[PDB]
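Undergrad: One structure coming up, written as C-alpha cells, with questions to follow.
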Amino acid sequence: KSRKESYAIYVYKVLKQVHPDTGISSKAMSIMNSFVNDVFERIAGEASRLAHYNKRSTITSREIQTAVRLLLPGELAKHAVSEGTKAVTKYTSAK
Amino acid sequence: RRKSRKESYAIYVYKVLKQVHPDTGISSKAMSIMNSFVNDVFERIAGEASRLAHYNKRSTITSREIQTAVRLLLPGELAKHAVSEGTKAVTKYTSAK
Amino acid sequence: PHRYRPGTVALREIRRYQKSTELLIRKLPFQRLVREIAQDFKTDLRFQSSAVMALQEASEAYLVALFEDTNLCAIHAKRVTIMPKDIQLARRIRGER
Amino acid sequence: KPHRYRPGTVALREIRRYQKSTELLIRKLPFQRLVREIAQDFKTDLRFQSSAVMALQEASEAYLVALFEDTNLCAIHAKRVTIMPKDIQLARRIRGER
Amino acid sequence: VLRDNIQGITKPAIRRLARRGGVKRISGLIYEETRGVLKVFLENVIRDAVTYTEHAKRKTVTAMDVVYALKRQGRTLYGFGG
Amino acid sequence: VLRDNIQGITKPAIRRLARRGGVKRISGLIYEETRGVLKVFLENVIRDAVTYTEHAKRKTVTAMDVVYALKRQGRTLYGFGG
Amino acid sequence: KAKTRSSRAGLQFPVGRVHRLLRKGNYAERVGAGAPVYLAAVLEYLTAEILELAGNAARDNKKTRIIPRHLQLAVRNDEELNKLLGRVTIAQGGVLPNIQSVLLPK
Amino acid sequence: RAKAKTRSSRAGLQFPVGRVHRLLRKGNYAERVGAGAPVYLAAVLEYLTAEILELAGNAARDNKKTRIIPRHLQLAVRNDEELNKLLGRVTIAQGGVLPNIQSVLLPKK
DNA sequence: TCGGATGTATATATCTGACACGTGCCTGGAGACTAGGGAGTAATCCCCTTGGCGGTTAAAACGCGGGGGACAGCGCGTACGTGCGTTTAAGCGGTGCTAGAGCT
DNA sequence: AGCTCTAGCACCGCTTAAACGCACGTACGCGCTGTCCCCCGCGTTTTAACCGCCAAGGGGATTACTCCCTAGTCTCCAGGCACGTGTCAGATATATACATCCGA
Numbered sequence: 032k033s034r035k036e037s038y039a040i041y042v043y044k045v046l047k048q049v050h051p052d053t054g055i056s057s058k059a060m061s062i063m064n065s066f067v068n069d070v071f072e073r074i075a076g077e078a079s080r081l082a083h084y085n086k087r088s089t090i091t092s093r094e095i096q097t098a099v100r101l102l103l104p105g106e107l108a109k110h111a112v113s114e115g116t117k118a119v120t121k122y123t124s125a126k
Numbered sequence: 030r031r032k033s034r035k036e037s038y039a040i041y042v043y044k045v046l047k048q049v050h051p052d053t054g055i056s057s058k059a060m061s062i063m064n065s066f067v068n069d070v071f072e073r074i075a076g077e078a079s080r081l082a083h084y085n086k087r088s089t090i091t092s093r094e095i096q097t098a099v100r101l102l103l104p105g106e107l108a109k110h111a112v113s114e115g116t117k118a119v120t121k122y123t124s125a126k
Numbered sequence: 039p040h041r042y043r044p045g046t047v048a049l050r051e052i053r054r055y056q057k058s059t060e061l062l063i064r065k066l067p068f069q070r071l072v073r074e075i076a077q078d079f080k081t082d083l084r085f086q087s088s089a090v091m092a093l094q095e096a097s098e099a100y101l102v103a104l105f106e107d108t109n110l111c112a113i114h115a116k117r118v119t120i121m122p123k124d125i126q127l128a129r130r131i132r133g134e135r
Numbered sequence: 038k039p040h041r042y043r044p045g046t047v048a049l050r051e052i053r054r055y056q057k058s059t060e061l062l063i064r065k066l067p068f069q070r071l072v073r074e075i076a077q078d079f080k081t082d083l084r085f086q087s088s089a090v091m092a093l094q095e096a097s098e099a100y101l102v103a104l105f106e107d108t109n110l111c112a113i114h115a116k117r118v119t120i121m122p123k124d125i126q127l128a129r130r131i132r133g134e135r
Numbered sequence: 022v023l024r025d026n027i028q029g030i031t032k033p034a035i036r037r038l039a040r041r042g043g044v045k046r047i048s049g050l051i052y053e054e055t056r057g058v059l060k061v062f063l064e065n066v067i068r069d070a071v072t073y074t075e076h077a078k079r080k081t082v083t084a085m086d087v088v089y090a091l092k093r094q095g096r097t098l099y100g101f102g103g
Numbered sequence: 022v023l024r025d026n027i028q029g030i031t032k033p034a035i036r037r038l039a040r041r042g043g044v045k046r047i048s049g050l051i052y053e054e055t056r057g058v059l060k061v062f063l064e065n066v067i068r069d070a071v072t073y074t075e076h077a078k079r080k081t082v083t084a085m086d087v088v089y090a091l092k093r094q095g096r097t098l099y100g101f102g103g
Numbered sequence: 014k015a016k017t018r019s020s021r022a023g024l025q026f027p028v029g030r031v032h033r034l035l036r037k038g039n040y041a042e043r044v045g046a047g048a049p050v051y052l053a054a055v056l057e058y059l060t061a062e063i064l065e066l067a068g069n070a071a072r073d074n075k076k077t078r079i080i081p082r083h084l085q086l087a088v089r090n091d092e093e094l095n096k097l098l099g100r101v102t103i104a105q106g107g108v109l110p111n112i113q114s115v116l117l118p119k
Numbered sequence: 012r013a014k015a016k017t018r019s020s021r022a023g024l025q026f027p028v029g030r031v032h033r034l035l036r037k038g039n040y041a042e043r044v045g046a047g048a049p050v051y052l053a054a055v056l057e058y059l060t061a062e063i064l065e066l067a068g069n070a071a072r073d074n075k076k077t078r079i080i081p082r083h084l085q086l087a088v089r090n091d092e093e094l095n096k097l098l099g100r101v102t103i104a105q106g107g108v109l110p111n112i113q114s115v116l117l118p119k120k
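Chains as they are written, first to last, in the deposited numbering: chain h, 32 to 126; chain d, 30 to 126; chain a, 39 to 135; chain e, 38 to 135; chain b, 22 to 103; chain f, 22 to 103; chain g, 14 to 119; chain c, 12 to 120.
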C-alpha cells in the first residue's frame, strides 16, 4: 500500500513528555525513525537466535530481556530491563 | 539410554575430499572446522537470502535470492565460480524428474 | 602586511569544519564519480537524488573517520603531517586493507 | 668465555618456532582459574565445560596474537623496534575498541 | 561515458574532510591516496547497491539499496529510511 | 575465592604470544597493558556467554555458549561446534 | 470499549505494531503476548534517552528544534549511546569538536 | 512407484539437498522455500568446501602430510586472498598464524 | 612586552517554509473464541565437572652483564601553508521529456 | 500484463565563490649524533603446571504427562496516517563586542 508507517507520532509523544517546548525537524525525525527500526531489528534479531539456540518456537519476555542485556551496554541494559519488566508487570496486572 | 543423533556434514565433506584429493585424509579437528565452516557459510547465505526476500517483500526464497546472496557475500572470483556452479546444478536438476 | 603563521588558519579551518554540518565535497562532482563507477557494474543505471546524497554522506563520514585514525597514527610517529603510510597503516589496522 | 647470541637473534628464532607451531602459549590451569574468576563476578557457582575453557583460550590467544601484529605495525610505523604501551593503546583505538 | 571523474574531487575538498577530521597539516601525497581509498570504498558500496537493484529487477538505484549495502558492510546510515 | 589470577598469566606467556605476533622486542610495560586488555576481552566474552547460560537456565557454560558469545561479539570461532 | 495494549502498559510506542512486526518479521514460529510489550518499553526507553540528551544539546546551543547535529552530539557524548551506535553514521550529524593537544600552538 | 533417487544425485552434488532444504525451513529464513533454492545453495556450499579442501590438500603435501589438520586449513584460508577475505572475521582453533616476519626486524649486513 | 589587526560572537530586525496542528477516514488493532501442541512439570539417570592426592619436570622466576636502541638534541632544506589574481564550473532556476517505479 | 504519471535525466543560462596557478617563507620532516638505560640472553633457582588415577554428585539429558497459552478466525471501529493549513523558528541581514594573534 501507498501509506508508509513510521514511529513519528510516538517519537513525538515521547519528545513532548521529555521536553514539551522542544520540537523536532523532519530530518532529525527520519534519523529517529531509522534508529528505532534498527534497534528493533537488533533486539528481534537476537531474540530469534536465542529461541533457535534453545530450539524454542516462541519469543517471550525472557528472550527480549536477554537480547537487551546482550545488545545494550551495562547501564542502558539495567535501566532498560527495569522499564521493560515494569511495563510487562503493569500490563499483566492491570488486565 | 542412547545418544540422540547429531547431524554433521562430515561424510559429505569427506566425499568432496575424495574428489579433490583421493589420497588425502582429514583429522577430526579439521573436520569439525570444516563442518563449522559449512554451517557458518550456510547461515550467512541463508541469512542474506532472508533479508533479500524481506526487502522485496517476497514470501519465498528462490534461486534468485540464493544467487544474489552469494554474489554479495562471496568476494571476487569466488562469486563467479559459485554462481556458475549453482546455475549448473539448478539447470541440470531442472532436467531431472 | 599582516600574515598568519603556518597552521594558524588550519586550526581555524578545523574548528569551522568541525562546527559545520554541511557536506564538504561538491555534490555534482561526487555524483559524476558515482556514475563513473556504477556504469562498470551495469550500463544505463539510474540513481535517486536521495541515493546519491546517501552515498556522499557515508563517503564523507567514512573519510572523516579515517582521517581521525590517520591523524592519531601520525601523532604516534611524533609527526603532525599525515603521510600515505599513515593512511595505509590506519586502513591496515582497521582491517580494511 | 661462553658463547652468546647477539640481542634479538634468539628473538627471531623464537618468532619462527612459535609461528611454525600451533600449540597454545598460555598455560591451561592459570587461564582456567582466570576464566572462573571473571565468571565468578557474573554468577556464583558456575560450571565450565572442558571444551568451553579451551574455546575461550583459543579465542583469547588468537585475539592477543592478532593485536600484537597490529601493535608491531604501529611500533614499526613509529620507526621503533620495541613495542610500547602506547602502541597497544593506539592499535586498540584504531581498531575501534576504545 | 564518464571517465577520469576521480580527479574531479577538488584538492580543498580532501583538505576540508581532513580538517573536519582534525588534520592540521596534510602532505601533498595524501590527495592521491585519499582519492584511491574513496574509489575503493565507493566501488564496494556501489557493487552491493547495484546488486540489490539487479536482484529487485529494477533499473534505478533506490536510496534503500545504498542503506542496505552500507548496513551489510557494517556502516549503517541513519536518516534515509528504515 | 579465586583472586589475582590475572597475575598468574606468566610474563613468558605474554612474550610467546607477542613472538607469535612477530614482535622482536617487548618493553617490560607491555605485560601489564596486555593483561588489562586480555581481562576486558574475557570479561566481554564471558558476560555474553554467561548471559546465554542464564537464559537457558543452565548452570554450566557450554562451548556453544562461548561460540555464540564470540559470534555475537563479531569474531567467529571454528572448531568447537555450531 | 477497546483499550489499546500500549495504554494498558503505560507506553506510547504501539504494542500492536511491535506485535505485528514480530509476527510478520518471521523471527519465530510464535510470539508470546509479553514480547511486544517488553520490546515496546525498551524501544520507548531508548527513544526517551536519545531525545533527552538531544534536547539538552539543543538547549545548550540556544535552539528549540532538534536537528541531526544535536542527535549526533548526544549519541557521541554519552559513553553508552556511543557504544550502541559506534557502527552507526548519522546523516548531517557531523563530528564532535576535537583537536589533539599536539596540534595546538605552543 | 518409481525408484527413489536423491535430489543431490539428480543435481550431481555430494551435499544433501534434502538436508539443506530442511534447514532452510527449520531455520525460518522465510515463509516458503522454492525447490530450486536448496539445489543452488547445496552447490555453492559444495564448491566452497572443495575450494578450501583443494588448497588444504596442497598445503598438506607441501608439509609432507597425508591428513589435513587445522594448520593446513589455516594456511590455505590465509594464503588465498579471497578465502582470507571471506573468513577474515573467522578464527580457526589450533590453526596458528602465517609465518611472516616484518623485514625491518631482520638483521642487516 | 604589546598594540594593532580582526575574526568570531552577540544583539537586533525581517522573513519565511518548514513543522506544528487539524481533518477525514479507513484499516489494522482490539475484542472474542477456539484448537492443540508448545512449553512446563516431574521423575529418572548417568556422565562429566569439580575436587583431591601424588610427584615431577618442565616452565617461571630471579640476577646479572651489557649492548643496542630509545630518543633528546641538532642541522637544514624543502616541503607545505598562506596569500593573491585568476577563472573556472558548481550551484541554482527553469524547461522537456519520458523511462520506468509503482500499483492494479 | 497493463496503466500511470513520478522524478530522473538532459539541457540552457546566469551567477560567483570555490578551484586553481603561482609566489614565497619558515615550520617542520628527518638525517645525524650522543648516550644511557632497559631490555635481551643466559645461568640459576624453584614452583606450580601438568599428568594420572580415583570420588562423587549434580545437573544435564531424557521420558511421560499435562495444560494454558498462542495462532486462526471473525467482527468492529476509531487510531493513525495523506491531506490541508498557517504561523513563527531559525536563516538571512545587519550591527557591533570582544579575544586572539603577529609584528615590532
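The C-beta atom is built at its ideal place from N, Cα and C for all residues, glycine as well.
If you compare alpha carbons, which of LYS119(g), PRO118(g), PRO110(g) and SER114(g) is closest to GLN56(a)?
TA: Looking at the Cα atoms, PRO110(g) is the closest of the given residues.
Undergrad: How many Å lie between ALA53(g) and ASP86(f) at the Cα?
TA: Near 27 angstroms, if we compare the C-alpha coordinates of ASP86(f) and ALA53(g).
Undergrad: Among the residues of its own chain, which have a CB less than 7 angstroms from the CB of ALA39(d), if the five just before and after it don't count?
TA: Result list for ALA39(d): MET60 and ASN64, in chain order.
Undergrad: Let me know the secondary structure DSSP gives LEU103(d) once reduced to three states.
TA: The answer is coil: DSSP assigns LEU103(d) none of H, G, I, E or B.
Undergrad: Could you have a look at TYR84(d) and say whether DSSP puts it in helix, strand or coil?
TA: Residue state, collapsed to three classes: helix.
Undergrad: Which residues bound the beta strand (DSSP E) around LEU98(f)?
TA: Counting along the chain, the beta strand (DSSP E) containing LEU98(f) begins and ends at 97 to 99.
Undergrad: When you compare the stretch 120 to 127 of chain a with the stretch 44 to 54 of chain b, are there three or more beta-carbon pairs, one atom per stretch, that lie closer than 8 angstroms?
TA: At 8 angstroms Cβ cutoff, the stretches touch.
Undergrad: Looking at chain a, which residues of the stretch 33 to 49 of chain b have a Cβ within less than 7 angstroms of any of its Cβ atoms?
TA: The stretch 33 to 49 of chain b vs chain a, Cβ under 7 angstroms: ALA34, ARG37, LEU38, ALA39, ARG40, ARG41, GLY42, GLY43, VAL44, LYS45, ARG46, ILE47 and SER48.
Undergrad: Round the Cβ separation of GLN48(d) and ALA67(c) to the nearest angstrom and send it over; I've been treating them as touching at under 8 angstroms.
TA: With 8 angstroms as the limit, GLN48(d) and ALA67(c) do not qualify as a contact, their Cβ atoms being about 13 angstroms apart.
Undergrad: Have a look at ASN95(c), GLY99(c) and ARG30(c) and flag the residue whose alpha-carbon is nearest the alpha-carbon of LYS35(d).
TA: For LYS35(d), the nearest C-alpha among the options comes from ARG30(c).
Undergrad: In the DSSP assignment, find the alpha helix (DSSP H) that holds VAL101(g) and state where it starts and stops.
TA: Per DSSP, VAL101(g) belongs to no alpha helix (DSSP H) and is neither H nor E.
Undergrad: Taking C-beta pairs closer than 9 angstroms, name the residues in chain g that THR89(h) reaches, listed in chain order.
TA: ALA41, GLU42, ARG43, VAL44, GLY45 and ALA48, listed in chain order.
Undergrad: I need the DSSP call for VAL82(f), collapsed to helix, strand or coil.
TA: Three-state DSSP puts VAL82(f) in a strand.
Undergrad: Of all the alpha helix (DSSP H) runs that stay within the bounds of the stretch 42 to 76 of chain a, which reach a length of 4 or more residues?
TA: Counting whole runs of 4 or more residues, the stretch 42 to 76 of chain a contains the alpha helix (DSSP H) stretches 46 to 57.
Undergrad: Do we get a CB-CB distance below 8 angstroms when we pair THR97(f) with the residues of chain d?
TA: Judged by the 8 angstroms Cβ criterion, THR97(f) is in contact with chain d.
Undergrad: Hey, quick one: how far does the alpha helix (DSSP H) through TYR58(g) stretch, first residue to last?
TA: First-last of the alpha helix (DSSP H) with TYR58(g): 47 to 73.
Undergrad: According to DSSP, is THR53(d) part of a helix, a strand, or is it coil?
TA: Residue state, collapsed to three classes: coil.
Undergrad: Assign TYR40(g) to one of two classes, buried (16 or more other C-beta atoms within 10 Å of its C-beta) or exposed (fewer than that).
TA: Buried: at least 16 other Cβ atoms inside 10 Å.
Undergrad: Is the CB of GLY103(f) under 8 angstroms away from at least one CB in chain d?
TA: Yes, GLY103(f) counts as interfacial toward chain d.
Undergrad: Beta-carbon within less than 6 angstroms of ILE90(d)'s beta-carbon, same chain only, minus the 5 sequence neighbours each way: which residues are those?
TA: Around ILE90(d): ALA78 and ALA82.
Undergrad: Anything in the stretch 86 to 110 of chain g with a Cβ closer than 9 angstroms to a Cβ of chain b? List those residues in chain order, please.
TA: Flagged, chain order: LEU98, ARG100, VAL101, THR102, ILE103, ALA104, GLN105, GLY106, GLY107 and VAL108.
Undergrad: Provide the residue span of the alpha helix (DSSP H) that contains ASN65(f), from first to last.
TA: Run containing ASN65(f): 51 to 76, per the alpha helix (DSSP H) assignment.
Undergrad: Looking at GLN86(a): is its Cβ nearer than 8 angstroms to the Cβ of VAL82(b)?
TA: Yes, the Cβ-Cβ distance between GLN86(a) and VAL82(b) is below 8 angstroms.
Undergrad: Between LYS75(c) and the ligand MG, is the CB less than 7 angstroms from at least one heavy atom?
TA: This structure does not include the ligand MG; it has no bound ligands of any sort.
Undergrad: In chain order, what residues of the same chain have a beta carbon less than 8 angstroms from the beta carbon of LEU62(e), not counting five sequence neighbours either side?
TA: Correct list, in chain order: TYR55 and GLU98.
Undergrad: Need the endpoints of the alpha helix (DSSP H) that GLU92(c) sits in, please.
TA: Unbroken run through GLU92(c): none, as it is neither H nor E.
Undergrad: Here's the rule: buried if 16 or more other CB atoms are within 10 angstroms of the residue's CB, otherwise exposed. What is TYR42(e)?
TA: That one is exposed.
Undergrad: Measuring only between beta-carbons, confirm whether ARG93(f) sits less than 8 angstroms from chain e.
TA: Output row for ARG93(f): interface = no.
Undergrad: Do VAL44(f) and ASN109(e) come within 8 angstroms of each other at the CB atom, strictly closer than that value?
TA: Yes.
Undergrad: For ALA112(a), I'd like the list of residues in its chain whose CB is within less than 6 angstroms of its CB, leaving aside the five on either flank, ordered along the chain.
TA: Within the same chain, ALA112(a) has close Cβ partners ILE120 and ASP124.
Undergrad: Would you check if the stretch 95 to 108 of chain h and the stretch 68 to 87 of chain g touch, i.e. whether three or more CB-CB distances between them fall below 8 angstroms?
TA: Not touching, per the Cβ criterion.
Undergrad: Under three-state DSSP, which class holds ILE112(c)?
TA: Three-state DSSP puts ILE112(c) in coil, outside helix and strand.
Undergrad: Can you find the residues in the same chain that come closer than 8 angstroms, C-beta to C-beta, to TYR43(h), ignoring five residues on each side of it along the sequence?
TA: Here the set comprises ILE55 and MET60.
Undergrad: Taking 8 angstroms as the threshold, find out whether the stretch 15 to 35 of chain g comes into contact with the stretch 62 to 82 of chain f through three or more Cβ pairs.
TA: With a cut-off of 8 angstroms, the stretch 62 to 82 of chain f and the stretch 15 to 35 of chain g do not count as touching, because too few Cβ pairs lie within range.
Undergrad: Less than 8 angstroms between CB atoms is the rule here; does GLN56(a) satisfy it with respect to chain g?
TA: Interface residue, yes.
Undergrad: Quick check on this structure: which residue in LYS116(a), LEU71(a) and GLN126(a) has the alpha carbon closest to the alpha carbon of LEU23(b)?
TA: Per the Cα distances, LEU71(a).
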